[PDB]
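Taking the form deposited in one PDB entry, here's one chain by itself in structure tokens.
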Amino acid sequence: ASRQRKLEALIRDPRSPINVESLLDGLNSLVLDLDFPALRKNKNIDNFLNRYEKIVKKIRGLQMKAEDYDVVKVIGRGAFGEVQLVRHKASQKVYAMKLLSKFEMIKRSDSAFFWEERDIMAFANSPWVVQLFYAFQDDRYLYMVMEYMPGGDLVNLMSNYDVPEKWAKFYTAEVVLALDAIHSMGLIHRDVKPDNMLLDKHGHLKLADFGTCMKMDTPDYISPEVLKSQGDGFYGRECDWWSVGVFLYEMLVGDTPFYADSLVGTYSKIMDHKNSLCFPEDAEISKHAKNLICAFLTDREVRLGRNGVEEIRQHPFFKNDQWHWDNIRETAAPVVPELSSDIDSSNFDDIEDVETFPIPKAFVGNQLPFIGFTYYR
């Protein structure tokens, strides 16, 4: 009665683990996990597969797949895969496509980070967060089709420009609002660095790579609390604000505040931040700028953005003739990328470069961890 309506409503909902796409993943995964000669000696398994052989072929053909896209260039490599500039053959539309290796994720006991990353991108519904259009999978890989950010990352920008203060003010403010959005979604980022900051066709910020994001209840940018925790300890949204401090320093000064040749040296410097933070005497930087940086680069307890974002927004470093907080993203960016075509990847550095699951002797469920991943916007 109402029960059939209730159940139908669960299945309709795109956030549901039992939506149509998830239920299909369930089927595809089961077939992938069971379709091996050794396992088909079991008559239950063999007859099941025979019954569902035809229909699962049909589905694989109809459903979205890697073959539906043409790979133009690899624009990123990461711990568990790569990012590809692609074009969808039919629509001719250009996207960024993130690939994640199932084998590697399983092998290296790390097979749950993608869920929040997927959800953030699918559902944030925010101009500070990169949009996911499609998520799908093969037997080897998870794929995430996102909107292509042709302006490249902030690491790129800082390496190709001496950044004046007015620019840094803009970018910092955009990072501030972006992080606030993430925080509103109940998330701590945990890895705010310019590698994870991307510029759109109009030179405006969007955040990408949400692989460290956690739902609330490289060391250069890590905060002292997070450092001391990992030997347990707990921490909050203020740890991201530390990283903004670092970011602003890097932009204005051009080196990282706690740079050392080794990683251990850097940790040691960060821990000793009260003494180690020194603005070089040749650095062309305002008092307000220095003030803000220092406000961020304190112990967790007294750090700017402990009492939320307003105190950050109200800081006088951010005073300017060009933009307000309510309209910054709708204003002219410092650097609008000059792009020659829809596949222009000039703001992305070139990249130079496999093993699958072994054929199992019994049921092992290597596809089980990824049931639910598929998403069609």
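In this text, rigid core is short for the largest set of C-alphas that superpose within 1.5 Å between two forms. In case it trips you up, residue 1 is the first one in the sequence shown, and so on.
Q | Which of 171-179 and 282-290 lies farther from this form in 7 other deposited structures of this protein, as RMS of C-alpha positions after a rigid core fit | A | The more displaced stretch in 7 other deposited structures of this protein turns out to be 282-290.
Q) Rigid core superposed, root mean square over structures and residues, which stretch has C-alphas farther from this form in 7 other deposited structures of this protein, 263-271 or 301-309? A) Once the core is superposed, the stretch further away in 7 other deposited structures of this protein is 263-271.
Q) Does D25 have no coordinates in at least a third of the other PDB entries examined? A) Across the compared entries, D25 is modelled every time.
Q) Quick one: is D353 left out in at least a third of the other entries we compared? A) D353: unmodelled in a third or more of the comparison entries.
Q. From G231 to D232, how many deposited residues does the entry skip: none, 1 to 3, 4 to 9, or 10 or more?
A. Missing in between: 1 to 3 residues.
Q.
So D353 and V354 are neighbours in the shown sequence, but is anything from the deposited sequence left out between them? Give the count as none, 1 to 3, 4 to 9, or 10 or more.
A. Per the record, 4 to 9 deposited residues are absent between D353 and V354.
Q) For the stretches 158-166 and 142-150, which has the higher mean C-alpha B-factor as given in the deposited record? A) Result of the comparison: 158-166.
Q: State which stretch shows the higher mean Cα B factor in the entry: 281-289 or 205-213.
A: According to the entry, 281-289 carries the higher average C-alpha B-factor.
Q. Which has the highest CA B-factor per the PDB entry: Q137, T172, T218, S184?
A. The C-alpha B-factor peaks, among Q137, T172, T218, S184, at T218.
Q) Highest CA temperature factor in the entry: which of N28, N50, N327, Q322? A) Among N28, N50, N327, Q322, the highest C-alpha B-factor in the entry belongs to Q322.
Q: Would you check the entry's CA temperature factor for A66 and let me know if it's in the chain's lowest, middle or highest third?
A: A66: CA B-factor falls in the middle third of its chain.
**Q.** Relative C-alpha B-factor of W115, binned into the chain's lowest, middle or highest third
**A.** As the PDB entry reports it, the C-alpha B-factor of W115 lands in the lowest third of its chain.
Q) Split the chain's modelled residues into thirds by Cα B-factor; is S276 in the lowest, middle or highest one? A) For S276, whose C-alpha B-factor we compare with every modelled residue in the chain, the answer is the highest third.
Q. Can you tell me which third, lowest, middle or highest, the CA B-factor of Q84 falls into for its chain?
A. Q84: CA B-factor falls in the lowest third of its chain.
Q.
Lowest, middle or highest third: which one holds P194 when the chain's residues are ordered by CA B-factor from the entry?
A. Tercile = lowest for this residue's CA B-factor.
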